[PDB]
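Close look at the chain arrangement
One letter stands for each residue in the lines below.
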Amino acid sequence: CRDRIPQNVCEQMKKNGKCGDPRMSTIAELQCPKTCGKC
């Protein structure tokens, strides 16, 4: 399972720590399912 978007954009998402936060649970998944590791 890969991410529709590149790692360039998913990077900031990882450093931000939103992938784990509840506010960014669905968005972080659909946007970065691989980078966040939730697929």
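The preceding data block contains the structure.
These notes cover the structure that comes with them. (Residues numbered from 1 in each chain as written, not as in the entry; some residues may be left out. Heavy atoms only, no water.)

Remarks on the state of the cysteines
One pass over the full model with this rule turns up 3 disulfides. Between the sulfur atoms of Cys1 and its disulfide partner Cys39 the distance amounts to 2.1 Å. Residues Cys1 and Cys39 are joined through a disulfide that is right-handed, its torsion about the S-S bond being 60 degrees. Of this pair, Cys1 sits in the segment before α1 (7-16) while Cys39 sits in the segment after α2 (27-31), and the two are 38 residues apart along the sequence. With its sulfur 2.0 Å from that of its partner, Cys19 forms a disulfide with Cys36. On the sign convention where negative means left-handed, the S-S torsion of about -40 degrees between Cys19 and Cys36 marks this disulfide as left-handed. (Disulfide = S-S within 2.5 Å. Helix = DSSP H or I, 4+ residues; strand = E, 2+ residues; numbered from the N terminus.)

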